[PDB]
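One file, final25.cif, carrying mmCIF, C-alpha atoms and all ligand atoms:
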data_start
#
loop_
_atom_site.group_PDB
_atom_site.id
_atom_site.type_symbol
_atom_site.label_atom_id
_atom_site.label_comp_id
_atom_site.auth_asym_id
_atom_site.auth_seq_id
_atom_site.Cartn_x
_atom_site.Cartn_y
_atom_site.Cartn_z
ATOM 1 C CA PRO F 33 -74.232 36.933 -183.340
ATOM 2 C CA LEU F 34 -75.885 40.120 -181.961
ATOM 3 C CA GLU F 35 -73.511 42.038 -184.317
ATOM 4 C CA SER F 36 -74.442 39.951 -187.432
ATOM 5 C CA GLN F 37 -78.230 39.471 -186.796
ATOM 6 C CA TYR F 38 -78.899 43.193 -186.253
ATOM 7 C CA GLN F 39 -78.113 46.320 -188.256
ATOM 8 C CA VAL F 40 -77.596 49.115 -185.698
ATOM 9 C CA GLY F 41 -79.254 52.430 -186.494
ATOM 10 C CA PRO F 42 -79.251 55.717 -184.545
ATOM 11 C CA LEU F 43 -79.451 56.165 -180.779
ATOM 12 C CA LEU F 44 -83.131 56.723 -179.881
ATOM 13 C CA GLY F 45 -82.302 57.809 -176.331
ATOM 14 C CA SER F 46 -80.250 57.198 -173.204
ATOM 15 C CA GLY F 47 -80.697 57.656 -169.470
ATOM 16 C CA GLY F 48 -81.288 55.681 -166.274
ATOM 17 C CA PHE F 49 -82.489 52.715 -168.379
ATOM 18 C CA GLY F 50 -79.257 52.585 -170.447
ATOM 19 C CA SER F 51 -78.914 53.327 -174.221
ATOM 20 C CA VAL F 52 -81.546 52.357 -176.748
ATOM 21 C CA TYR F 53 -80.753 52.233 -180.470
ATOM 22 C CA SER F 54 -82.957 51.914 -183.474
ATOM 23 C CA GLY F 55 -82.121 48.770 -185.380
ATOM 24 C CA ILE F 56 -83.251 46.261 -187.949
ATOM 25 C CA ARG F 57 -83.224 42.457 -187.724
ATOM 26 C CA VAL F 58 -81.124 41.630 -190.855
ATOM 27 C CA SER F 59 -83.027 38.340 -191.624
ATOM 28 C CA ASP F 60 -86.464 39.943 -192.251
ATOM 29 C CA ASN F 61 -85.864 43.760 -192.016
ATOM 30 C CA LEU F 62 -87.936 43.803 -188.781
ATOM 31 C CA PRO F 63 -87.614 47.173 -186.983
ATOM 32 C CA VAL F 64 -86.128 46.653 -183.500
ATOM 33 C CA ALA F 65 -84.857 48.708 -180.566
ATOM 34 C CA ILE F 66 -81.550 47.553 -179.168
ATOM 35 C CA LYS F 67 -81.323 48.422 -175.470
ATOM 36 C CA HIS F 68 -77.896 48.233 -173.776
ATOM 37 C CA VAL F 69 -77.866 48.009 -169.997
ATOM 38 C CA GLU F 70 -74.598 48.174 -168.049
ATOM 39 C CA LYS F 71 -74.220 45.268 -165.566
ATOM 40 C CA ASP F 72 -72.818 47.660 -162.877
ATOM 41 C CA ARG F 73 -76.144 49.573 -163.064
ATOM 42 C CA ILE F 74 -78.374 46.466 -162.679
ATOM 43 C CA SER F 75 -79.508 46.312 -158.998
ATOM 44 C CA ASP F 76 -82.294 43.707 -159.434
ATOM 45 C CA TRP F 77 -81.293 40.326 -160.810
ATOM 46 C CA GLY F 78 -83.703 37.483 -161.400
ATOM 47 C CA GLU F 79 -83.846 33.934 -162.691
ATOM 48 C CA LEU F 80 -85.674 32.559 -165.739
ATOM 49 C CA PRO F 81 -87.428 29.070 -165.716
ATOM 50 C CA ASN F 82 -83.952 27.811 -166.894
ATOM 51 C CA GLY F 83 -82.134 29.369 -163.884
ATOM 52 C CA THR F 84 -79.688 31.805 -165.600
ATOM 53 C CA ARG F 85 -78.536 35.041 -163.841
ATOM 54 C CA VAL F 86 -80.255 37.839 -165.825
ATOM 55 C CA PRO F 87 -81.467 41.380 -164.955
ATOM 56 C CA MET F 88 -85.039 41.414 -163.485
ATOM 57 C CA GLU F 89 -86.023 43.509 -166.539
ATOM 58 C CA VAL F 90 -85.451 40.432 -168.752
ATOM 59 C CA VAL F 91 -87.531 38.263 -166.313
ATOM 60 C CA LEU F 92 -90.346 40.855 -166.314
ATOM 61 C CA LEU F 93 -90.305 41.310 -170.102
ATOM 62 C CA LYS F 94 -90.539 37.529 -170.600
ATOM 63 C CA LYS F 95 -93.419 37.376 -168.098
ATOM 64 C CA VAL F 96 -95.306 40.068 -170.036
ATOM 65 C CA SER F 97 -94.460 38.745 -173.537
ATOM 66 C CA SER F 98 -97.504 37.654 -175.631
ATOM 67 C CA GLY F 99 -99.612 38.656 -178.682
ATOM 68 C CA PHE F 100 -100.980 41.623 -176.633
ATOM 69 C CA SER F 101 -99.482 44.779 -178.181
ATOM 70 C CA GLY F 102 -99.959 47.069 -175.105
ATOM 71 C CA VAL F 103 -96.570 46.131 -173.718
ATOM 72 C CA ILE F 104 -93.121 46.202 -175.409
ATOM 73 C CA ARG F 105 -92.147 42.747 -176.643
ATOM 74 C CA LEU F 106 -88.682 41.311 -175.833
ATOM 75 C CA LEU F 107 -87.595 39.575 -179.030
ATOM 76 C CA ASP F 108 -84.160 38.470 -177.859
ATOM 77 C CA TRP F 109 -81.413 39.298 -175.386
ATOM 78 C CA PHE F 110 -77.672 38.842 -175.202
ATOM 79 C CA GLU F 111 -75.203 38.941 -172.353
ATOM 80 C CA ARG F 112 -71.943 40.711 -173.056
ATOM 81 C CA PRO F 113 -69.006 40.879 -170.593
ATOM 82 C CA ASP F 114 -70.138 44.193 -169.035
ATOM 83 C CA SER F 115 -73.701 44.619 -170.335
ATOM 84 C CA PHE F 116 -76.989 43.059 -171.378
ATOM 85 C CA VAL F 117 -78.417 43.789 -174.789
ATOM 86 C CA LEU F 118 -82.183 43.610 -175.183
ATOM 87 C CA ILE F 119 -83.810 43.320 -178.586
ATOM 88 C CA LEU F 120 -87.213 44.851 -178.361
ATOM 89 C CA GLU F 121 -89.918 45.235 -180.961
ATOM 90 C CA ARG F 122 -90.038 48.672 -182.552
ATOM 91 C CA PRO F 123 -93.341 50.106 -183.854
ATOM 92 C CA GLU F 124 -92.783 52.309 -186.925
ATOM 93 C CA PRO F 125 -93.622 55.263 -187.009
ATOM 94 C CA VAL F 126 -93.493 55.690 -183.231
ATOM 95 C CA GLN F 127 -93.457 58.608 -180.768
ATOM 96 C CA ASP F 128 -93.198 58.474 -177.021
ATOM 97 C CA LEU F 129 -96.131 60.053 -175.172
ATOM 98 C CA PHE F 130 -93.834 62.650 -173.556
ATOM 99 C CA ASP F 131 -92.674 63.883 -177.004
ATOM 100 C CA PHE F 132 -96.238 63.684 -178.219
ATOM 101 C CA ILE F 133 -97.443 65.911 -175.328
ATOM 102 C CA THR F 134 -94.462 68.273 -175.748
ATOM 103 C CA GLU F 135 -95.409 68.726 -179.451
ATOM 104 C CA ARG F 136 -99.230 68.821 -179.157
ATOM 105 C CA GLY F 137 -99.682 70.176 -175.633
ATOM 106 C CA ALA F 138 -102.595 69.024 -173.394
ATOM 107 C CA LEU F 139 -104.527 66.219 -175.058
ATOM 108 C CA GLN F 140 -108.173 66.495 -176.022
ATOM 109 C CA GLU F 141 -110.122 64.369 -173.538
ATOM 110 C CA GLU F 142 -111.257 61.906 -176.186
ATOM 111 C CA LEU F 143 -107.585 61.286 -177.029
ATOM 112 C CA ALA F 144 -106.538 61.176 -173.384
ATOM 113 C CA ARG F 145 -109.381 58.666 -172.714
ATOM 114 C CA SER F 146 -108.258 56.356 -175.538
ATOM 115 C CA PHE F 147 -104.601 56.601 -174.495
ATOM 116 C CA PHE F 148 -105.361 56.256 -170.777
ATOM 117 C CA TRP F 149 -107.639 53.253 -171.402
ATOM 118 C CA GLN F 150 -104.837 51.551 -173.408
ATOM 119 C CA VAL F 151 -102.375 52.292 -170.559
ATOM 120 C CA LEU F 152 -104.851 50.724 -168.121
ATOM 121 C CA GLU F 153 -105.197 47.591 -170.273
ATOM 122 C CA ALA F 154 -101.382 47.437 -170.509
ATOM 123 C CA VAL F 155 -100.894 47.843 -166.730
ATOM 124 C CA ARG F 156 -103.650 45.319 -166.011
ATOM 125 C CA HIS F 157 -101.854 42.952 -168.394
ATOM 126 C CA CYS F 158 -98.552 43.479 -166.499
ATOM 127 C CA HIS F 159 -100.279 42.813 -163.199
ATOM 128 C CA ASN F 160 -101.996 39.656 -164.545
ATOM 129 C CA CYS F 161 -98.498 38.482 -165.548
ATOM 130 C CA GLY F 162 -97.207 39.170 -161.988
ATOM 131 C CA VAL F 163 -95.278 42.274 -163.083
ATOM 132 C CA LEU F 164 -95.315 45.656 -161.407
ATOM 133 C CA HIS F 165 -93.952 48.246 -163.872
ATOM 134 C CA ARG F 166 -93.162 50.943 -161.161
ATOM 135 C CA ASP F 167 -92.327 53.571 -163.760
ATOM 136 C CA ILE F 168 -95.623 54.337 -165.528
ATOM 137 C CA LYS F 169 -95.090 57.783 -167.119
ATOM 138 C CA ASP F 170 -95.437 59.584 -170.497
ATOM 139 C CA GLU F 171 -91.742 58.788 -171.381
ATOM 140 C CA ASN F 172 -92.437 55.036 -170.864
ATOM 141 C CA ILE F 173 -95.356 54.965 -173.252
ATOM 142 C CA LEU F 174 -94.856 54.643 -176.993
ATOM 143 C CA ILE F 175 -97.529 55.541 -179.491
ATOM 144 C CA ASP F 176 -97.695 53.354 -182.625
ATOM 145 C CA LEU F 177 -98.909 56.369 -184.673
ATOM 146 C CA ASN F 178 -100.439 54.360 -187.566
ATOM 147 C CA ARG F 179 -102.374 51.946 -185.338
ATOM 148 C CA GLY F 180 -103.198 54.391 -182.510
ATOM 149 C CA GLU F 181 -101.902 51.720 -180.113
ATOM 150 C CA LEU F 182 -99.864 52.470 -177.012
ATOM 151 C CA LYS F 183 -97.008 50.389 -175.765
ATOM 152 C CA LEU F 184 -95.715 50.399 -172.191
ATOM 153 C CA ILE F 185 -91.867 50.228 -172.293
ATOM 154 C CA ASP F 186 -88.887 50.224 -169.854
ATOM 155 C CA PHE F 187 -89.456 47.507 -167.276
ATOM 156 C CA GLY F 188 -86.018 48.326 -165.804
ATOM 157 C CA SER F 189 -87.493 49.734 -162.568
ATOM 158 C CA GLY F 190 -90.109 46.990 -162.347
ATOM 159 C CA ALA F 191 -90.511 44.140 -159.899
ATOM 160 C CA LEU F 192 -92.473 40.981 -159.554
ATOM 161 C CA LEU F 193 -95.944 41.973 -158.364
ATOM 162 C CA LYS F 194 -96.512 41.014 -154.703
ATOM 163 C CA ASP F 195 -99.220 41.891 -152.177
ATOM 164 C CA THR F 196 -96.750 42.836 -149.448
ATOM 165 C CA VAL F 197 -95.132 46.279 -149.008
ATOM 166 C CA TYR F 198 -92.374 47.487 -151.331
ATOM 167 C CA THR F 199 -89.621 49.416 -149.507
ATOM 168 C CA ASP F 200 -87.453 49.965 -152.614
ATOM 169 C CA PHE F 201 -88.199 52.326 -155.467
ATOM 170 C CA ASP F 202 -86.148 53.531 -158.432
ATOM 171 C CA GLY F 203 -88.926 54.746 -160.741
ATOM 172 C CA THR F 204 -89.730 58.412 -161.294
ATOM 173 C CA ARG F 205 -90.053 60.473 -158.108
ATOM 174 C CA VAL F 206 -92.634 62.979 -159.478
ATOM 175 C CA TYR F 207 -94.832 59.950 -160.336
ATOM 176 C CA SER F 208 -94.239 58.313 -156.923
ATOM 177 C CA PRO F 209 -97.016 58.219 -154.310
ATOM 178 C CA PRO F 210 -97.047 60.180 -151.025
ATOM 179 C CA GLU F 211 -96.584 56.974 -148.963
ATOM 180 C CA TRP F 212 -93.300 56.386 -150.799
ATOM 181 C CA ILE F 213 -92.207 60.027 -150.200
ATOM 182 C CA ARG F 214 -93.205 60.023 -146.473
ATOM 183 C CA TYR F 215 -92.541 56.387 -145.458
ATOM 184 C CA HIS F 216 -90.537 54.617 -148.193
ATOM 185 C CA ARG F 217 -93.419 52.120 -148.250
ATOM 186 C CA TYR F 218 -96.018 51.439 -150.944
ATOM 187 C CA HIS F 219 -98.187 48.578 -152.180
ATOM 188 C CA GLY F 220 -97.876 47.804 -155.888
ATOM 189 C CA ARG F 221 -101.403 48.402 -157.230
ATOM 190 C CA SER F 222 -102.200 51.546 -155.273
ATOM 191 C CA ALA F 223 -98.802 53.115 -156.195
ATOM 192 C CA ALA F 224 -99.499 52.154 -159.834
ATOM 193 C CA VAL F 225 -102.927 53.869 -159.513
ATOM 194 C CA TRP F 226 -101.267 57.002 -158.095
ATOM 195 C CA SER F 227 -98.806 57.115 -161.035
ATOM 196 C CA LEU F 228 -101.791 56.569 -163.375
ATOM 197 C CA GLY F 229 -103.454 59.666 -161.850
ATOM 198 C CA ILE F 230 -100.243 61.686 -162.485
ATOM 199 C CA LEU F 231 -100.132 60.334 -166.035
ATOM 200 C CA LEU F 232 -103.822 61.159 -166.674
ATOM 201 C CA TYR F 233 -103.291 64.677 -165.293
ATOM 202 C CA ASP F 234 -100.187 64.947 -167.472
ATOM 203 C CA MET F 235 -102.221 63.918 -170.512
ATOM 204 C CA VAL F 236 -105.055 66.357 -170.007
ATOM 205 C CA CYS F 237 -102.997 69.267 -168.639
ATOM 206 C CA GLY F 238 -99.856 68.822 -170.661
ATOM 207 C CA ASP F 239 -97.638 68.541 -167.526
ATOM 208 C CA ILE F 240 -97.387 66.656 -164.207
ATOM 209 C CA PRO F 241 -99.370 68.164 -161.240
ATOM 210 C CA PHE F 242 -96.483 67.947 -158.716
ATOM 211 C CA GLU F 243 -92.855 68.893 -159.005
ATOM 212 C CA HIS F 244 -91.973 68.764 -155.289
ATOM 213 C CA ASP F 245 -92.268 66.246 -152.411
ATOM 214 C CA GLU F 246 -94.400 68.729 -150.424
ATOM 215 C CA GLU F 247 -96.883 69.027 -153.335
ATOM 216 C CA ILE F 248 -97.007 65.188 -153.591
ATOM 217 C CA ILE F 249 -97.584 64.947 -149.790
ATOM 218 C CA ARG F 250 -100.226 67.659 -149.808
ATOM 219 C CA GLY F 251 -101.860 65.993 -152.849
ATOM 220 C CA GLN F 252 -103.881 69.114 -153.644
ATOM 221 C CA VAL F 253 -104.593 68.968 -157.387
ATOM 222 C CA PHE F 254 -104.929 72.231 -159.314
ATOM 223 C CA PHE F 255 -106.129 72.077 -162.904
ATOM 224 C CA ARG F 256 -104.255 74.648 -164.976
ATOM 225 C CA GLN F 257 -106.268 73.607 -168.060
ATOM 226 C CA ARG F 258 -109.942 73.178 -168.738
ATOM 227 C CA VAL F 259 -110.609 69.593 -167.741
ATOM 228 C CA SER F 260 -114.065 68.097 -167.392
ATOM 229 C CA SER F 261 -115.404 67.365 -163.922
ATOM 230 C CA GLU F 262 -115.588 63.641 -164.617
ATOM 231 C CA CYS F 263 -111.930 63.656 -165.625
ATOM 232 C CA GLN F 264 -110.872 65.857 -162.638
ATOM 233 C CA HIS F 265 -112.875 63.469 -160.368
ATOM 234 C CA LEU F 266 -111.015 60.417 -161.780
ATOM 235 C CA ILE F 267 -107.659 62.169 -161.408
ATOM 236 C CA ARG F 268 -108.428 63.297 -157.860
ATOM 237 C CA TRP F 269 -109.555 59.756 -157.087
ATOM 238 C CA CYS F 270 -106.301 58.124 -158.428
ATOM 239 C CA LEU F 271 -104.477 60.794 -156.462
ATOM 240 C CA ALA F 272 -106.147 60.131 -153.110
ATOM 241 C CA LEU F 273 -103.513 60.534 -150.362
ATOM 242 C CA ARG F 274 -104.680 57.342 -148.632
ATOM 243 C CA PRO F 275 -103.629 54.356 -150.805
ATOM 244 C CA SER F 276 -106.873 52.520 -149.820
ATOM 245 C CA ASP F 277 -108.953 55.549 -150.986
ATOM 246 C CA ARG F 278 -107.627 55.020 -154.552
ATOM 247 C CA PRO F 279 -109.729 53.269 -157.179
ATOM 248 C CA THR F 280 -108.907 49.710 -158.266
ATOM 249 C CA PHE F 281 -108.195 49.291 -162.034
ATOM 250 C CA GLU F 282 -111.809 48.123 -162.372
ATOM 251 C CA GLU F 283 -113.223 51.273 -160.757
ATOM 252 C CA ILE F 284 -111.005 53.414 -162.984
ATOM 253 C CA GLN F 285 -112.301 51.576 -166.084
ATOM 254 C CA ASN F 286 -115.938 51.771 -164.874
ATOM 255 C CA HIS F 287 -115.521 55.444 -164.091
ATOM 256 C CA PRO F 288 -118.016 57.664 -166.090
ATOM 257 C CA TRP F 289 -115.079 59.485 -167.696
ATOM 258 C CA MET F 290 -113.809 56.178 -169.110
ATOM 259 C CA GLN F 291 -116.968 55.273 -171.038
ATOM 260 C CA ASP F 292 -117.250 55.190 -174.905
ATOM 261 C CA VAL F 293 -113.490 54.842 -175.497
ATOM 262 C CA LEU F 294 -112.380 55.104 -179.123
ATOM 263 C CA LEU F 295 -110.803 52.036 -180.706
ATOM 264 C CA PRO F 296 -107.022 52.566 -181.261
ATOM 265 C CA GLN F 297 -107.570 52.675 -185.073
ATOM 266 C CA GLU F 298 -110.374 55.294 -184.681
ATOM 267 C CA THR F 299 -107.967 57.242 -182.349
ATOM 268 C CA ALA F 300 -105.225 57.121 -185.054
ATOM 269 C CA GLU F 301 -107.652 58.234 -187.853
ATOM 270 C CA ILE F 302 -109.046 61.199 -185.784
ATOM 271 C CA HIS F 303 -105.999 62.312 -183.756
ATOM 272 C CA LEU F 304 -102.695 60.888 -185.055
ATOM 273 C CA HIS F 305 -102.950 61.707 -188.826
HETATM 274 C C1 LIG O 1 -86.124 53.060 -173.333
HETATM 275 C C2 LIG O 1 -86.773 52.133 -174.323
HETATM 276 O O1 LIG O 1 -87.003 52.643 -175.534
HETATM 277 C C3 LIG O 1 -87.592 51.615 -176.152
HETATM 278 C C4 LIG O 1 -88.057 51.765 -177.578
HETATM 279 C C5 LIG O 1 -87.986 53.044 -178.164
HETATM 280 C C6 LIG O 1 -88.484 53.262 -179.456
HETATM 281 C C7 LIG O 1 -89.047 52.194 -180.179
HETATM 282 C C8 LIG O 1 -89.139 50.919 -179.597
HETATM 283 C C9 LIG O 1 -88.654 50.706 -178.292
HETATM 284 C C10 LIG O 1 -87.804 50.534 -175.403
HETATM 285 C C11 LIG O 1 -87.197 50.888 -174.127
HETATM 286 C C12 LIG O 1 -87.186 50.036 -172.938
HETATM 287 O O2 LIG O 1 -86.514 50.381 -171.991
HETATM 288 O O3 LIG O 1 -87.943 48.934 -172.903
#

Spell out the structure here as structure tokens.
Ligand SMILES: Cc1oc(-c2ccccc2)cc1C(=O)O
Amino acid sequence: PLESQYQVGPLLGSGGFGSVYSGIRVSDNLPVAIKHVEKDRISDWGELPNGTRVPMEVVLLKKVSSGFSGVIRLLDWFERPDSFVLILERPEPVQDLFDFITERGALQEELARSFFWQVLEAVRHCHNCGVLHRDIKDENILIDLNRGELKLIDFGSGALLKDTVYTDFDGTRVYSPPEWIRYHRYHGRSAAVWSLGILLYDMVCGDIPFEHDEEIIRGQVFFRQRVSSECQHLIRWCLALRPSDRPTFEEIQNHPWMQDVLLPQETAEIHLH
């Protein structure tokens, strides 16, 4: 069934999320990514409107599934004896933001603005769907190179969005907020804003600002690259130590640095050719 409907291509990557393969849906040659997740490694299990025992990732992907291209689309899923197999859409050609930054270095601000804006729309979409990604980072962002569109992937560390405190975290530590580091306590939106500040810094500087807990806790931001004041202001704002001092998604998107964003197609034409 999974074996007959899909032609398995090469391994795209593996890690904490499991193993993701390039693939093609045999019926219409649709490019897909086949993600295998070991059951023993699934800590968060959820229930669909049917009531089946599935990993939370599947619940979250279904909650965020729509025509909106800013988030990876779950096309299908299969349960195997010891794993879950997720069929995800696969943009072609594609490059993750991490590989993009590794190759190109620090992004021009116009490019970072377009990318960052698309990440914001994608995160806002997650949140409107009741999903907290919890692992917003360059590696979890795919660039559809032809369309200039970004896709948020890997909902495997995610949770249902709630207004109460989260005391569990399995996303990326260097993207985690100081309140998580110090107290093991964070609120969804403000931790997402912190990780967005790390991401924005990473986009415009070519690397994350903090490598150690103490740097996270201190929250002193040093710009190793020439970054505009408006951009440094937005970064410093997302990276406020006090969760309540962080901007809301609205304030980030109304920030002066975020004005006159390029359309994804314009972004592709100028920067991804
Ligand atoms: C790790 C991962 O990689 C992908 C993917 C990679 C290249 C093209 C399309 C999708 C999705 C996920 C996921 O976890 O959702």

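Going from CA of residue 184 in chain F to CA of residue 277 in chain F covers 25.5 Å.
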
Translate the PyMOL selection byres (((chain F and resi 79) around 12) and not hetatm), as applied to the file shown, into an explicit residue set as a PyMOL selection string. chain F and resi 76-78+80-92+94-95+192

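The interatomic distance for the pair CA of residue 231 in chain F and CA of residue 133 in chain F works out to 11.2 Å.
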
From the set F:256, F:219, F:194, F:205, which residue has the shortest atom-to-atom contact distance to residue 239 in chain F, counting only C-alpha atoms?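 The closest residue to residue 239 in chain F is F:256.
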
Excluding range 186-188 of chain F and any residue of its chain fewer than 4 positions from it, enumerate the residues within 12 Å of it, using all atoms listed in the file, and give them as a PyMOL selection string. chain F and resi 45-52+65+67-70+73-78+86-97+103-106+116+118+120+128+155+158+163-174+192+201-204

Given all atoms listed in the file as the basis, pick out the residue of F:121, F:72, F:243, F:60 nearest to ligand LIG 1 (chain O). F:121

What is the CA of residue 190 in chain F-CA of residue 130 in chain F distance in Å, reported with one decimal?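 These two atoms are separated by 19.6 Å.
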
Choose the residue, out of F:38, F:109, F:53, F:281, that has the smallest atom-to-atom separation from ligand LIG 1 (chain O); count only C-alpha atoms and all ligand atoms.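 Distance minimum relative to ligand LIG 1 (chain O) lands on F:53.
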
List every residue of range 192-240 of chain F that has an atom at most 10 Å from any atom of range 144-148 of chain F, giving for each one its closest atom pair and the distance in Å to one decimal, counting all atoms listed in the file, sorted by chain and then by ascending residue number, as CSV.
residue,atom,partner,partner_atom,distance
F:228,CA,F:148,CA,8.2
F:229,CA,F:148,CA,9.7
F:231,CA,F:148,CA,8.2
F:232,CA,F:148,CA,6.6
F:233,CA,F:144,CA,9.4
F:234,CA,F:144,CA,9.5
F:235,CA,F:144,CA,5.9
F:236,CA,F:144,CA,6.4

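Ranking F:137, F:33, F:288, F:63 by their shortest atom-to-atom distance to ligand LIG 1 (chain O), with only C-alpha atoms and all ligand atoms included, puts F:63 first.
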
Mind working out the centre and edge lengths of an axis-aligned box for range 285-293 of chain F, all listed atoms inside, 8 Å added to each side, rounded to one decimal in Å and written as JSON?
{"center_x": -115.2, "center_y": 55.5, "center_z": -169.8, "size_x": 21.7, "size_y": 23.9, "size_z": 27.4}

Evaluate the PyMOL selection byres (((chain F and resi 101) around 9) and not hetatm) and report residues as a list in words: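 Selection result, ordered by chain and number: residues 98, 99, 100, 102, 103, 104, 105, 154, 181, 182 and 183 of chain F.
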
Expand the PyMOL selection byres (((chain F and resi 248-250) around 12) and not hetatm) into the explicit residue set it covers here, and present it as number ranges by chain. F: 205-215, 226-227, 229-230, 240-247, 251-254, 271-274

Write a file of the selected residues as a PDB file, keeping the file's coordinate frame, keeping C-alpha atoms.
ATOM      1  CA  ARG F 205     -90.053  60.473-158.108  1.00  0.00           C
ATOM      2  CA  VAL F 206     -92.634  62.979-159.478  1.00  0.00           C
ATOM      3  CA  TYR F 207     -94.832  59.950-160.336  1.00  0.00           C
ATOM      4  CA  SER F 208     -94.239  58.313-156.923  1.00  0.00           C
ATOM      5  CA  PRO F 209     -97.016  58.219-154.310  1.00  0.00           C
ATOM      6  CA  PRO F 210     -97.047  60.180-151.025  1.00  0.00           C
ATOM      7  CA  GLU F 211     -96.584  56.974-148.963  1.00  0.00           C
ATOM      8  CA  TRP F 212     -93.300  56.386-150.799  1.00  0.00           C
ATOM      9  CA  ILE F 213     -92.207  60.027-150.200  1.00  0.00           C
ATOM     10  CA  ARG F 214     -93.205  60.023-146.473  1.00  0.00           C
ATOM     11  CA  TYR F 215     -92.541  56.387-145.458  1.00  0.00           C
ATOM     12  CA  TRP F 226    -101.267  57.002-158.095  1.00  0.00           C
ATOM     13  CA  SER F 227     -98.806  57.115-161.035  1.00  0.00           C
ATOM     14  CA  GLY F 229    -103.454  59.666-161.850  1.00  0.00           C
ATOM     15  CA  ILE F 230    -100.243  61.686-162.485  1.00  0.00           C
ATOM     16  CA  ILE F 240     -97.387  66.656-164.207  1.00  0.00           C
ATOM     17  CA  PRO F 241     -99.370  68.164-161.240  1.00  0.00           C
ATOM     18  CA  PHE F 242     -96.483  67.947-158.716  1.00  0.00           C
ATOM     19  CA  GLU F 243     -92.855  68.893-159.005  1.00  0.00           C
ATOM     20  CA  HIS F 244     -91.973  68.764-155.289  1.00  0.00           C
ATOM     21  CA  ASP F 245     -92.268  66.246-152.411  1.00  0.00           C
ATOM     22  CA  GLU F 246     -94.400  68.729-150.424  1.00  0.00           C
ATOM     23  CA  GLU F 247     -96.883  69.027-153.335  1.00  0.00           C
ATOM     24  CA  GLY F 251    -101.860  65.993-152.849  1.00  0.00           C
ATOM     25  CA  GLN F 252    -103.881  69.114-153.644  1.00  0.00           C
ATOM     26  CA  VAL F 253    -104.593  68.968-157.387  1.00  0.00           C
ATOM     27  CA  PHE F 254    -104.929  72.231-159.314  1.00  0.00           C
ATOM     28  CA  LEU F 271    -104.477  60.794-156.462  1.00  0.00           C
ATOM     29  CA  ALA F 272    -106.147  60.131-153.110  1.00  0.00           C
ATOM     30  CA  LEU F 273    -103.513  60.534-150.362  1.00  0.00           C
ATOM     31  CA  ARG F 274    -104.680  57.342-148.632  1.00  0.00           C
TER      32      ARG F 274
END

Could you give me, as a PyMOL selection string, the residues within 10 Å of residue 301 in chain F, counting only C-alpha atoms and dropping anything in the same chain fewer than 5 positions from it? chain F and resi 177-180+295-296

Store the residues picked out above, limited to C-alpha atoms, as a PDB file, in the frame of the given file.
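Once everything was written out, this is selection.pdb:
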ATOM      1  CA  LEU F 177     -98.909  56.369-184.673  1.00  0.00           C
ATOM      2  CA  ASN F 178    -100.439  54.360-187.566  1.00  0.00           C
ATOM      3  CA  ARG F 179    -102.374  51.946-185.338  1.00  0.00           C
ATOM      4  CA  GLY F 180    -103.198  54.391-182.510  1.00  0.00           C
ATOM      5  CA  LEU F 295    -110.803  52.036-180.706  1.00  0.00           C
ATOM      6  CA  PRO F 296    -107.022  52.566-181.261  1.00  0.00           C
TER       7      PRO F 296
END

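Closest approach to ligand LIG 1 (chain O) from the set F:111, F:35, F:176, F:153 is made by F:176, with distances taken over all atoms listed in the file.
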
Restore N, CA, C and O atoms in range 176-183 of chain F and list the result as a PDB file, keeping the file's coordinate frame.
ATOM      1  N   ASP F 176     -97.832  53.913-181.279  1.00  0.00           N
ATOM      2  CA  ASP F 176     -97.695  53.354-182.625  1.00  0.00           C
ATOM      3  C   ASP F 176     -98.673  54.258-183.368  1.00  0.00           C
ATOM      4  O   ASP F 176     -99.880  54.071-183.267  1.00  0.00           O
ATOM      5  N   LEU F 177     -98.148  55.307-184.007  1.00  0.00           N
ATOM      6  CA  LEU F 177     -98.909  56.369-184.673  1.00  0.00           C
ATOM      7  C   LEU F 177     -99.896  55.904-185.749  1.00  0.00           C
ATOM      8  O   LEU F 177    -100.975  56.492-185.859  1.00  0.00           O
ATOM      9  N   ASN F 178     -99.562  54.856-186.505  1.00  0.00           N
ATOM     10  CA  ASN F 178    -100.439  54.360-187.566  1.00  0.00           C
ATOM     11  C   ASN F 178    -101.628  53.605-187.008  1.00  0.00           C
ATOM     12  O   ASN F 178    -102.730  53.711-187.542  1.00  0.00           O
ATOM     13  N   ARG F 179    -101.385  52.818-185.954  1.00  0.00           N
ATOM     14  CA  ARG F 179    -102.374  51.946-185.338  1.00  0.00           C
ATOM     15  C   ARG F 179    -103.123  52.585-184.176  1.00  0.00           C
ATOM     16  O   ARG F 179    -104.173  52.076-183.783  1.00  0.00           O
ATOM     17  N   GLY F 180    -102.595  53.689-183.642  1.00  0.00           N
ATOM     18  CA  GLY F 180    -103.198  54.391-182.510  1.00  0.00           C
ATOM     19  C   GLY F 180    -103.071  53.597-181.223  1.00  0.00           C
ATOM     20  O   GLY F 180    -103.774  53.864-180.242  1.00  0.00           O
ATOM     21  N   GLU F 181    -102.155  52.618-181.232  1.00  0.00           N
ATOM     22  CA  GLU F 181    -101.902  51.720-180.113  1.00  0.00           C
ATOM     23  C   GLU F 181    -100.737  52.188-179.302  1.00  0.00           C
ATOM     24  O   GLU F 181     -99.718  52.584-179.857  1.00  0.00           O
ATOM     25  N   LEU F 182    -100.869  52.077-177.990  1.00  0.00           N
ATOM     26  CA  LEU F 182     -99.864  52.470-177.012  1.00  0.00           C
ATOM     27  C   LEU F 182     -99.138  51.283-176.508  1.00  0.00           C
ATOM     28  O   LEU F 182     -99.720  50.218-176.350  1.00  0.00           O
ATOM     29  N   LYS F 183     -97.864  51.463-176.237  1.00  0.00           N
ATOM     30  CA  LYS F 183     -97.008  50.389-175.765  1.00  0.00           C
ATOM     31  C   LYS F 183     -96.293  50.871-174.521  1.00  0.00           C
ATOM     32  O   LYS F 183     -95.657  51.921-174.539  1.00  0.00           O
TER      33      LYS F 183
END
